[PDB]
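S.K.: Here it is, the structure, as structure tokens.
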Amino acid sequence: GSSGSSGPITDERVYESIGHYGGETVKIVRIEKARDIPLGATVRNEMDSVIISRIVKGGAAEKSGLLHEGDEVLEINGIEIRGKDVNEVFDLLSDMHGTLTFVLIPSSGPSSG
């Protein structure tokens, strides 16, 4: 015999997170975290998303200033976050080190206060 497949072969979606997400807009922010540098950014467990809860001072998050309260984490370095757990997310970064590509959406909620 002799034949291929032709069509949607395997999962051709692992070439690094892409900016253009479905029908929305994600914000990419590269944060540098030493091999012994904490994140210093708290996050809450949203319905099914990992949003920021608080920002710690002296943290890689604050330092770089690419993470703010209300930011929703989706992918980090390619790894999914949406659905994950705070601990998981933390255990992830904590495990990871260096310039990580954080793909989150800035909650630019309009409201003067």
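Here, A, B, ... name the chains of the structure tokens in the order displayed, residue numbers run from 1 inside each chain, and ligands are numbered from 1 in the same displayed order.
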Taking only residues of range 48-67 of chain A that have an atom at most 9 Å from an atom of range 77-89 of chain A, what is each one's shortest atom pair and its distance in Å to one decimal, using only C-alpha atoms, in chain and number order, as a Markdown table?
M.R.:
| residue | atom | partner | partner_atom | distance |
| --- | --- | --- | --- | --- |
| A:48 | CA | A:83 | CA | 4.7 |
| A:49 | CA | A:82 | CA | 4.6 |
| A:50 | CA | A:82 | CA | 6.0 |
S.K.: Could you write those residues out with C-alpha atoms, as a PDB file, in the first residue's frame?
M.R.:
ATOM      1  CA  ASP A  48     -11.623  29.255  35.553  1.00  0.00           C
ATOM      2  CA  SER A  49      -8.853  31.778  35.022  1.00  0.00           C
ATOM      3  CA  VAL A  50      -5.800  32.838  36.992  1.00  0.00           C
TER       4      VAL A  50
END
S.K.: So the first atom is CA of residue 6 in chain A and the second is CA of residue 21 in chain A; what is the distance between them in Å, to one decimal place?
M.R.: 25.6 Å
S.K.: Among the residues of chain A, find those DSSP assigns to strand (DSSP E) from the backbone and print them as a VMD selection string.
M.R.: chain A and resid 20 to 21 24 to 25 27 to 33 41 to 45 50 to 55 72 to 76 79 to 80 98 to 105
S.K.: Could you please determine the separation between CA of residue 91 in chain A and CA of residue 59 in chain A in Å, to one decimal place?
M.R.: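 Atom-to-atom, CA of residue 91 in chain A and CA of residue 59 in chain A are spaced 15.8 Å apart.
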S.K.: Taking 5 positions as the minimum chain separation for residues in the same chain, which residues sit within 9 Å of range 25-34 of chain A when counting only C-alpha atoms? Answer as a ChimeraX atom specification.
M.R.: /A:18-20,39,60-61,63-67,74,93,96-106
S.K.: Got a sec to tell me which of chain A DSSP assigns to helix (DSSP H, G or I), as a PyMOL selection string?
M.R.: chain A and resi 60-64+86-95
S.K.: I need the residue nearest residue 38 in chain A from this list: A:22, A:4, A:70, A:58. Use only C-alpha atoms for the distance.
M.R.: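 Among A:22, A:4, A:70, A:58, it is A:58 that comes nearest to residue 38 in chain A.
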S.K.: Need to verify the contact set: residue 52 in chain A, 6 Å, only C-alpha atoms, exclusion of same-chain residues closer than 4 positions in sequence. Can you return it as a ChimeraX atom specification?
M.R.: /A:42-44,69-71
S.K.: Output C-alpha atoms of each residue in that selection to a file, as a tab-separated table (two decimals), in the first residue's frame.
M.R.:
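Ended up saving to again11.tsv:
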chain	number	residue	atom	x	y	z
A	42	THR	CA	-0.24	37.29	44.14
A	43	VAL	CA	-3.00	35.79	42.04
A	44	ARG	CA	-6.54	34.69	42.79
A	69	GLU	CA	-3.84	43.45	39.53
A	70	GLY	CA	-6.62	42.34	37.21
A	71	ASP	CA	-4.33	40.74	34.65
S.K.: In Å, how far is it from CA of residue 40 in chain A to CA of residue 90 in chain A?
M.R.: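 Result for CA of residue 40 in chain A versus CA of residue 90 in chain A: 10.1 Å, one decimal.
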